[PDB]
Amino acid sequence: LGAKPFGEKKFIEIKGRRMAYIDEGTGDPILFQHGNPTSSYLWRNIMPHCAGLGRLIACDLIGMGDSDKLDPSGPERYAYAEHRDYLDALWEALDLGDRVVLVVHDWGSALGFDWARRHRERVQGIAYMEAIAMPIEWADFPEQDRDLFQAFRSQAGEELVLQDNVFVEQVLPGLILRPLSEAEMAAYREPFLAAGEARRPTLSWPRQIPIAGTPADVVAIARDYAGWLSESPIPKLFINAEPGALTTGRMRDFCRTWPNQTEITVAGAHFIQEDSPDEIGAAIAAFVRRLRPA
């Protein structure tokens, strides 16, 4: 393992805000996208395995990691649509080319799957794990975290997240099988040290999960990429997890019907990158080497 970040953080202005990202190497990109409540830091022990396979990139979503916070912030800020506008602009600014390999997780998968559907001719391959592959019902949501997420999606959310930082301090460690070090937790809470709106992205995200028809716009978007991915011949690498969390039950059954897909299983709950980084990295590397023969 290791608590040290992969590369130095670079900054670029997007829509008036500064966004942070890692960009190492040259050639076609291998784009790693984190979800909630993480950052590019999530891929620190995985990206090394792809050394020499291309341009390794990991962006910090707006309001997360070292990226600027949006202000004024509130209940209407940091919705999926807003994150998409910033990420779309950042990915355009990075000049990725037309043979991109996406490596996604959680909300990074929702964003990545949607981007892929919209820019399909530029996607060489898609690696995903513990993703939001389709709209779901409450019965599809992990039983142990069901109550808590329903709470985030209620008036109690602000206190749980903005005041007590529950997503970072409780959910994150709770969904990692091995104990994190002081340094690792420090890196994860750094973007959310201040109570209040600074933590808004970690609350807006759970309120955006397409569950039981709400929110309607994200449900539609997920419905769209779910259908497309179930038909797309683009090469895929599905990293299943045991016991896993989000991508289990019906969603897992669905993902397993996707075309031209290779699958492996690694130990982990949700933030599996912290449990089996080497297995995950090795699998992604092999996937990319097959996609970029030489």
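For every residue, the number given is its place in the sequence shown, counted from 1.
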Revision key, fill the gap. Averaging the C-alpha temperature factors as deposited, the higher value of 65-73 versus 252-260 falls on 65-73
Check your understanding: So which stretch wins on mean C-alpha B-factor, 143-151 or 192-200?
Key -> 143-151
Review point. Based on what the PDB entry reports, which of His34, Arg44, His49, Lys236 has the top C-alpha B-factor?
Key: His49
Check your understanding: Per the entry, which of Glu159, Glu92, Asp98, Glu82 tops the list for Cα B factor?
Key -> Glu159
Review point. Ranked by Cα temperature factor within the chain, is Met185 in the lowest third, the middle third or the highest third?
Key: middle
Exercise for review: Just say lowest, middle or highest third for the CA B-factor of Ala226 relative to the other modelled residues in its chain.
Suggested key: lowest
Point to revise | Position of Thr265 among the chain's modelled residues by C-alpha B-factor, lowest, middle or highest third | key: middle
Check your understanding: Considering only modelled residues of the same chain, in which third does the CA B-factor of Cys59 rank: lowest, middle or highest?
Key -> lowest
Revision key, fill the gap. Of the three thirds of the chain ranked by Cα temperature factor, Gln124 occupies the lowest
